[PDB]
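Here is the structure we will look at.
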Amino acid sequence: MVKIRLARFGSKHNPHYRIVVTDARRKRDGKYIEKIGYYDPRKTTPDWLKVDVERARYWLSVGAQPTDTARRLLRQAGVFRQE
Amino acid sequence: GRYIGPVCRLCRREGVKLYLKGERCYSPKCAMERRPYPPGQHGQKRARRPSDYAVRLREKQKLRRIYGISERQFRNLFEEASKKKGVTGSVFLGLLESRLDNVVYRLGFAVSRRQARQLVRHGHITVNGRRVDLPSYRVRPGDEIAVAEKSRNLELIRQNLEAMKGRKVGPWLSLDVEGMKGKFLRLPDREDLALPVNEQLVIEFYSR
Amino acid sequence: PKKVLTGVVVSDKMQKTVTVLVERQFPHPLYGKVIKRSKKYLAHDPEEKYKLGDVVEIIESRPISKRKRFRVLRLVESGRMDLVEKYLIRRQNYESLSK
Amino acid sequence: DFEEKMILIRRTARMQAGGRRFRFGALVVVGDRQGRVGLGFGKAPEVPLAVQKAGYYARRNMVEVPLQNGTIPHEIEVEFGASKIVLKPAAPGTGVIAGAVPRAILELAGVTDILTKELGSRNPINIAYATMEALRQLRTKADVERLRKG
Amino acid sequence: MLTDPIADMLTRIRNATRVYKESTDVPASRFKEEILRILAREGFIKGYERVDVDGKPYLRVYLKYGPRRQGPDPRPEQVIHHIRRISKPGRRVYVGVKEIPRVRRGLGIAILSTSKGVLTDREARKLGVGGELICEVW
Amino acid sequence: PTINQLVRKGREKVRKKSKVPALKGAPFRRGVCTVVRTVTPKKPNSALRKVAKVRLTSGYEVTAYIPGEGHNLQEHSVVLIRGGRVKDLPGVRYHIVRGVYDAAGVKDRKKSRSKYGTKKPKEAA
RNA sequence: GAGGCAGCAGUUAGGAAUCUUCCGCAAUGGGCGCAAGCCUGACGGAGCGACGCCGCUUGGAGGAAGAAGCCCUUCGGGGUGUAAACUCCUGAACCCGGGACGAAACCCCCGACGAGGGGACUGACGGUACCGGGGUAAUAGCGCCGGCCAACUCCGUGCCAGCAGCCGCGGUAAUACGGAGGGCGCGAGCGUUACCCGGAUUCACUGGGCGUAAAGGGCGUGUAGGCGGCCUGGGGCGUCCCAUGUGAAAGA
RNA sequence: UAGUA
RNA sequence: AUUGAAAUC
Ligand SMILES: [Mg+2]
Ligand SMILES: [Mg+2]
Ligand SMILES: [Mg+2]
Ligand SMILES: [Mg+2]
Ligand SMILES: [Mg+2]
């Protein structure tokens, strides 16, 4: 099963995630198939969240379950919002 | 941490009065008035034709000793300036001149770089409102380097801000005297400072 | 694309199979000079149709044997017993290279 | 007048009947730091006349250094004996990067931006001489226009 | 047998010019003719012209020198200071437009054979091609 | 050589060898002393120069040099070795490190105290 | 019969040398479950090492034709030295008060188990970071001073004791040894040993050479191989040019 | 014979 | 003792 999900970058007490698609069986910070956004949980920047949403829809379309928190953030930038 | 020990004492040795002791190194002695020579048992002894190394060394000591900064810190700054776009010696003087602990002193909030450092560590100085206590901080252009509202009262801030009532300020800086705050307008050009030091010998000192 | 190599047949002393010498030339990684280098490939010949001195194209294939992995695609030209001879001496030269 | 620097002084020795007998060799450059340098190697019983003597010779021995903003027109290599000097143009900010010998000739000519390598035998005399020939031999667009014109 | 004609020529010119001769025969080829035009066009020589010598084609070459000169040794400066094979039969040198040499910050040639034909470096650069880097003159 | 030759033979890389088998590179090695002779040097020198033969944890048995003024070393002493030639003593390619194991520091040593291995004193200090 | 830490800790042994039998599943990720949840030494943190990189403290401004002591002294003087003393100033440490972001989902309620809306639970780090109040002049060491290489004088010692990267110092006047004073260089570091690239165009493609310096085979014949005159034509393998694909992220 | 110009 | 020594009384 392939996943949209969060990879930890940044540093210590400086979490920074990259919203990535990957094979579920890979380690967390290992090789991903595609970057599709990033996220700063401390919102220390005006732009602490961003998502290429045409691409998110793509993968969802070919079956890729997001983590639960991957999907929260996906929502905030309305990946799932219609009409 | 930084130098600490006898000083207007290379207001000797480097041969030229360095401004290190501030108000005294201005007034019959940066001892350079009373003793214009190298320290120790051999100070006034017959000079020796010195090496194109000894020359290059001295010069970089001189510059480094003016601003009070360490060799570790100095050497990096320089390295940074070689890899940087533009004629390298000036740039370095530029970056050297953009250090808080020295802009504070250029604005006369203190009389000495040594004294001006202590004001930065000890809190009494701000950068656009926010308080800043790193003497190494890179003031960029457009910043406002103020006194601490809670520190205006102090005898030393007043006495010093006072002697600046008349005084002029650097071309790349300004200074609202009664609002106890000033401004880094731009980074200076080699032309703007009159430093007792040929910068190209410094470049050359670090090319071996 | 399945690689197509062209060389010469230097052996048909094998059933449904031919040894095909293939040369190649290039700049030398450090010293500039264009050097030659060459390789025999065992190529499949189901109709024992090609023979000594044929210049033939050769193609990447689904493995026929241990070390057959190419098939004779077409004839380019017949004759070329010079190249064959050229080979064959280099081989017989090795005889007085021993101890 | 010019500014004049001593590269090198050495003591030599001939052997005579009971006892050795010294002598002093002096390499000196003079320059106005605007594309006129000269080299002199003068020798004598005592150092100062060697130095003074060197000075004199160096002014008899001057060169066209066609500067181009603290640097030089192009690259030259020169072999003088088994001494090779290579000279390369540099941008401002670079400096005079060479060993004592060619630095002091290049500085006093009025160069501030050059790249060099001392190659082969690095004997100062012969290196110095090579650098000069190297300078003596630089050209500019003007000179080659003139030459190739006819 | 004569292993490199182009080099022989490049050398006949080196040799003659160094005893300040006025002219030099070289046995004639088309590729030899070509290099000579670029040479002539950039004013390193005065020029060339075919001839026959003992039934057989040579290209006479008219060299060119500076003015007679001042002090001890009044020999002219030399218009061709440096001429030098690069590609050679024992080691061919080929370069693409991106790697074409700039002889002597500008003041120098690099004759250079391409599919657009024999060309100087700037010619070739502007035409955007590379090739067998024949030689260099300065 | 001709290029063809260079293509046939290549250039050969230069491989200079260790000046010091304290084996496994190892910046130091452990010894047990064996003999503590006194050695006369050479060339234009004379003095009675202090030495040890040392059985190594390398399996090596080698002559090393005791630097400093006086020492406390004998047939079973047990030392650290750092390597460092002497020069006056042919075949003496290593040094004993003063201040580790049963090798003493150096008493009343005031200047190069870090080498010689001697802690800071307490006179007017 | 049982067993297999090259999982995390940790024990031992070899070794110049390499850590806590730590807190937490709160975050991210993984597995099973419809879910609540259960498991995860993956992980997120804390602990120990100046092992590396960066930041910062050991004070700031006054302060004598210049104290004492210690070093030199042609006995007049010179040095340590504005350095201390001492005068005002600031206030690392430390005490008090307040005190985080990292966490909004899953889940429940409205809606339709969707979209969208609402709601609640949850912090190992931690009572830490950061803010405010109070407030003490409060750490300096290591290497070096014959040349290369920045820095010199007095004693001691006499081819001794010892130094030494290389050249080389020491035989009663030693800037080279050992101590002193002083000086130079770095500074919470400074030295040393080992290993790598460098300088070394000293394996030389860039970029070397062979009469006498290391180096022409004792001479031929010729095998393979390398190399190949002038002109024209075909092919387009070498070579050149344009598009396009690839060249993961991290790094630079 | 040793060190030493 | 002799030159700093080795040798030698
Ligand atoms: Mg020492
Ligand atoms: Mg090399
Ligand atoms: Mg012979
Ligand atoms: Mg033959
Ligand atoms: Mg001796």
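What is reported rests on the model, the rules as stated and the sources as named; no laboratory read-out is quoted. Neighbour counts run over all protein chains shown; Cβ positions are idealised from the backbone, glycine included.
Go through the range C:35-47 and report how many residues are near RNA strand G (Cβ under 7 Å from one of its atoms) and away from chain E (no Cβ under 14 Å).
0
Buried (at least 19 other Cβ atoms within 10 Å of the Cβ), in a helix (DSSP H, G or I) and within 12 Å of another protein chain (Cβ to nearest Cβ): does that describe D:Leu147?
Criteria met by D:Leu147.
So that you can scan it fast, the table gives a plain yes or no per residue for (1) part of a loop (DSSP other than H, G, I, E, B); (2) among the β-branched types (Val, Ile, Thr); (3) within 13 Å of chain B (Cβ to nearest Cβ):
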{"position": "D:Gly93", "(1), (2), (3)": "yes, no, yes"}
{"position": "D:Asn126", "(1), (2), (3)": "no, no, no"}
{"position": "D:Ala134", "(1), (2), (3)": "no, no, no"}
{"position": "D:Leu138", "(1), (2), (3)": "yes, no, no"}
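Quick one: in the range B:109-122, which of the residues that are surrounded by fewer than 21 Cβ atoms within 10 Å (Cβ to Cβ) and touching a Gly at 6+ places or on another chain (Cβ under 8 Å) is nearest to the other protein chains (Cβ to nearest Cβ)?
The extreme case among them is B:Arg114.
Output the qualifying pairs, or none if there are none: Cβ atoms under 6 angstrom, residues six or more apart or on different chains, first residue in the range E:53-69 and of a type in the set (D, E, K, R), second residue in a strand (DSSP E or B).
E:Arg60/E:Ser23; E:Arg60/E:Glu49; E:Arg60/E:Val51
In the range D:54-66, how many are in a loop (DSSP other than H, G, I, E, B) and crowded, with 18+ Cβ neighbours inside 10 Å?
The total comes to 1.
More than 6 Å from RNA strand G (Cβ to nearest atom) and under 17 Å from the mean Cα position of the chain (by Cα), is that true of B:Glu33?
Answer is no for this residue.
Taking the condition in a strand (DSSP E or B) and of a type in the set (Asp, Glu), does D:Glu107 pass?
no
May I ask you to list the residues in the range D:1-48 that are within 14 Å of chain B (Cβ to nearest Cβ) and either within 16 Å of RNA strand G (Cβ to nearest atom) or aromatic (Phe, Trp, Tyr) (or both)?
D:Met6, D:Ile7, D:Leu8, D:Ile9, listed by residue number.
Identify, please: which residue in the range A:19-53 is in contact (Cβ under 8 Å) with a residue 12 or more places away in the chain and among the basic types (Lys, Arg) and is, among those, nearest to A:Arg72 (Cα to Cα)?
Of everything passing the filter in the range A:19-53, A:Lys50 is nearest to A:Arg72 (Cα to Cα).
What about F:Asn72, is it at negative phi, in a loop (DSSP other than H, G, I, E, B), away from every other protein chain (no Cβ under 14 Å) and within 16 Å of ligand 5 (Cβ to nearest atom)?
no
Taking the range D:106-124, which residues are in contact with a helix residue (DSSP H, G or I) (Cβ under 6 Å, 6 or more places away or on another chain), away from chain E (no Cβ under 14 Å) and of a type in the set (A, V, I, L, M)?
Result: no residue meets the conditions.
Residues to consider are F:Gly10, F:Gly31; find the one that is within 14 Å of another protein chain (Cβ to nearest Cβ), within 10 Å of RNA strand G (Cβ to nearest atom) and either in contact (Cβ under 8 Å) with a residue 40 or more places away in the chain or on the phi > 0 side of the Ramachandran plot (or both).
F:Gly10
Keeping to the range C:13-34, report how many residues are within 14 Å of chain E (Cβ to nearest Cβ) and β-branched (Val, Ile, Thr).
Qualifying residue count, the range C:13-34: 1.
Can you work out which of the residues in the range E:47-96 that are within 14 Å of chain F (Cβ to nearest Cβ) and in contact with a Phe, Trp or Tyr (Cβ under 8 Å, 6 or more places away or on another chain) is nearest to D:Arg136 (Cα to Cα)?
If we take residues in the range E:47-96 being within 14 Å of chain F (Cβ to nearest Cβ) and in contact with a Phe, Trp or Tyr (Cβ under 8 Å, 6 or more places away or on another chain), then E:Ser87 is nearest to D:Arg136 (Cα to Cα).
Quick one: in the range B:88-127, of everything that is in the same structural domain as B:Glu178 (by CATH) and among the aromatic types (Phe, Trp, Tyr), which residue is nearest to the chain's Cα centre (by Cα)?
Among them, the one singled out is B:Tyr105.
Please go through the range B:76-103 and pick out each residue that is surrounded by fewer than 14 Cβ atoms within 10 Å (Cβ to Cβ) and more than 13 Å from chain D (Cβ to nearest Cβ).
Within the range B:76-103, B:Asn76, B:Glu79, B:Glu80 qualify.
Go through the range F:43-59 residue by residue and tally those that are without any contact (Cβ under 8 Å) to a residue 24 or more places away in the chain and either within 16 Å of ligand 5 (Cβ to nearest atom) or of a type in the set (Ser, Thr, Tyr) (or both).
So the count comes out to 4.
Suppose the filter is farther than 28 Å from D:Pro89 by Cβ, more than 14 Å from chain D (Cβ to nearest Cβ) and within 14 Å of the chain's Cα centre (by Cα); does E:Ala7 pass it?
Here the answer is yes, as E:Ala7 does meet what is asked.
Do the conditions hold for D:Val51, that is, is it within 14 Å of chain B (Cβ to nearest Cβ), β-branched (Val, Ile, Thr) and assigned to a strand (DSSP E or B)?
no
Quick one: which of B:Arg106, B:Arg138 is loosely packed, with under 14 Cβ neighbours inside 10 Å, within 25 Å of B:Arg65 (Cα to Cα) and of a type in the set (D, E, K, R)?
None of the other options fit; the residue is B:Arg138.
Considering the range D:112-135 alone, what residues qualify as being within 10 Å of D:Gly81 (Cβ to Cβ) and small (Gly, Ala, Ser)?
D:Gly120, D:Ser121, D:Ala130, listed by residue number.
When only residues in the range F:41-63 that are within 12 Å of RNA strand G (Cβ to nearest atom) and of a type in the set (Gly, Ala, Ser) count, which is surrounded by the fewest Cβ atoms within 10 Å (Cβ to Cβ)?
F:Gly59
So which of F:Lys43, F:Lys19 ends up being within 16 Å of RNA strand H (Cβ to nearest atom) and more than 27 Å from F:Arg113 (Cα to Cα)?
F:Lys43
Mind checking which residues of the range B:80-89 are farther than 16 Å from B:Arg138 by Cα and in a helix (DSSP H, G or I)?
Result: B:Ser82, B:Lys83, B:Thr88, B:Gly89.
Does D:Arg122 meet the test of being touching a strand residue (DSSP E or B) at 6+ places or on another chain (Cβ under 8 Å), assigned by CATH to the domain that holds D:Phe22 and not in a strand (DSSP E or B)?
Taking the combined requirement at face value, the residue does not satisfy it.
Select, from D:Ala82, D:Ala100, the only residue that is in contact (Cβ under 8 Å) with a residue 24 or more places away in the chain, at the interface with another protein chain (Cβ under 9 Å from one of its Cβ atoms) and surrounded by fewer than 19 Cβ atoms within 10 Å (Cβ to Cβ).
D:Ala100
Could you check, for the range E:106-113, whether at least one of its residues is closer than 19 Å to E:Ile35 by Cβ, within 13 Å of chain D (Cβ to nearest Cβ) and either polar (S, T, N, Q) or exposed (fewer than 13 other Cβ atoms within 10 Å of the Cβ) (or both)?
Scanning the range E:106-113 turns up no residue that is closer than 19 Å to E:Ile35 by Cβ, within 13 Å of chain D (Cβ to nearest Cβ) and either polar (S, T, N, Q) or exposed (fewer than 13 other Cβ atoms within 10 Å of the Cβ) (or both).
For the range E:53-138, list the strands (runs of 3 or more DSSP E) that sit wholly inside it and hold at least 1 residues that are assigned by CATH to the domain that holds E:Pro27, more than 14 Å from the chain's Cα centre (by Cα) and farther than 20 Å from E:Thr17 by Cβ; which are they?
Per the criteria, E:56-62.
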